[PDB]
Every structure is written in C-alpha cells, then in structure tokens.
Amino acid sequence: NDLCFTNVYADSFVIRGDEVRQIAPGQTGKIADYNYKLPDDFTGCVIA
Amino acid sequence: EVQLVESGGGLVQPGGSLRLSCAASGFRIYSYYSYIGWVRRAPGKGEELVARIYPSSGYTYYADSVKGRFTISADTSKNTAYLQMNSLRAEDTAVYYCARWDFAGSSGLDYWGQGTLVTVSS
C-alpha cells in the first residue's frame, strides 16, 4: 500500500485449481507456459 | 530456464514401493546448497511436507507421517532429487510434487514442479 505505481493492472482469468501454482515467477506448465506467464522478476501479487 | 521437472508417478500395490524423480533444470543442487524436497496432496487434504534433501550438507529431513518408510536421496551428477517411498498404503495416495528451498535470514518453498499422481491401491 506504501508503494506508488503509475498503473496497476489487474489481469483476470479462470483456470483449474491445481494450475493456480503455475501463475507465478519461476514457474512452467500448461498454464504458466501457454496461457499466462509471470516473469521470474515478478514483484506483484497472485490472488486466487 | 530455472525450473523443477518431474515424472515417475503411477500405480503401486500397497506394501510395495514407488520412486519419483525431479530434475533441477537451469541450476545445480549441490554446488549452490539448494535444497529439494517433496510435498504431497492426498485427496481431501492440502499440502503436506514429505521430505527434503541437502546433498551439500549430507542431510535428509522428514515429516513425521513418512519417517521410517520414505527415503529422500539425490544424484548430484544428474542434478536430480528422488523420493523413494517404501511400504506404501492406500492412505498415501496423493499428488506428489517436488519443491525448492534455497539455503539462508529466512527462506521457503518458492519453486514448484508440476506434480504427478501416485495411486496406491490393490
């Protein structure tokens, strides 16, 4: 809350529960690699 | 690039055993004191820690629920972590995952494999 950004983007989608762990820096897998990938240097939030 | 890659799930007869394998891709285990363990999610449960191996320190640590039956090992040339699960029971059916803890001054399991299902049934 103490960090000021010019923009914050709320990216939104639906996946299977066992693939929630793939929405992350450092991850691979059918969702992490073909549908929605986060950078290893991810400084944001993954909320599910 | 840096990832945990695993395979080796399948069907095992209770009282028997099954071995899982998780390769360290993009990094080495021994030379960086990186620790790779295993976590399982039995049907009806959330994540349960199973075991962790630290080849660089020569140690293995286990959760109370698997002590005396499961052995965690690694091959530092193949840069692969393994879980040897002996004396499996139906209650041990779970999706097993590999996970990465780096040495520290806090730390935790930030890197995860894909998971594979181990079915234990007669």
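Conventions we followed
- Residues numbered from 1 in each chain as written, not as in the entry; some residues may be left out.
- Chains lettered and ligands numbered in written order.
- Part of a larger assembly, values for the part shown.
- Heavy atoms only, no water.
- Buried < 20%, exposed > 50% of the residue type's maximum accessible area, 1.4 Å probe, protein only.
- Helix = DSSP H or I, 4+ residues; strand = E, 2+ residues; numbered from the N terminus.
- Pairing = 2+ DSSP bridges.
- Contact = heavy atoms within 4.5 Å.
- Buried area = accessible area lost by both parts, 1.4 Å probe.
- Salt bridge = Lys/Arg side-chain N within 4 Å of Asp/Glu carboxyl O.

Regarding how it was determined, this PDB entry cites cryo-EM in its header, along with a resolution of 6 Å.

K.L.:
Describe the pairing of strand 5 (residues 48–54) of chain B, naming the residues involved and giving the relevant values.
P.N.:
Taken residue by residue, a regular strand's side chains alternate between the two faces of the sheet. Residue and element names in this part refer to chain B. Among the seven residues in strand 5, six count as buried, and that is most of the element. Pairing of strand 4 (residues 34–41) with strand 5, which is carried by five bridges, proceeds in the antiparallel orientation. The partner of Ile36 across the bridge, within strand 5, is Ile53. Here strand 5 runs beside strand 6 (residues 59–62); their pairing, made up of four bridges, is antiparallel. Bridge pairing in strand 6 places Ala51 opposite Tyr62. Counted between consecutive antiparallel strands, the loop separating strand 5 from strand 6 contains four residues, among which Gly58 sits at a positive phi close to 75 degrees.

K.L.:
Quick one: what's the story with the interface of chain B and chain A, residue by residue and with numbers?
P.N.:
Contacts between chain B and chain A engage 10 residues on the former and eight residues on the latter. Across the interface of chain B and chain A, roughly 770 Å² is buried in total on both sides, 29% from carbon and sulfur atoms. By the criterion of area lost to chain A, the three top residues of chain B are B:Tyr97, B:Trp112 and B:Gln114, representing 48% of everything that side buries. Along the contact surface separating chain B from chain A lie two salt bridges. Put simply, A:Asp18 and B:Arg41 hold a salt bridge, and the shortest N to O gap is 3.4 Å.

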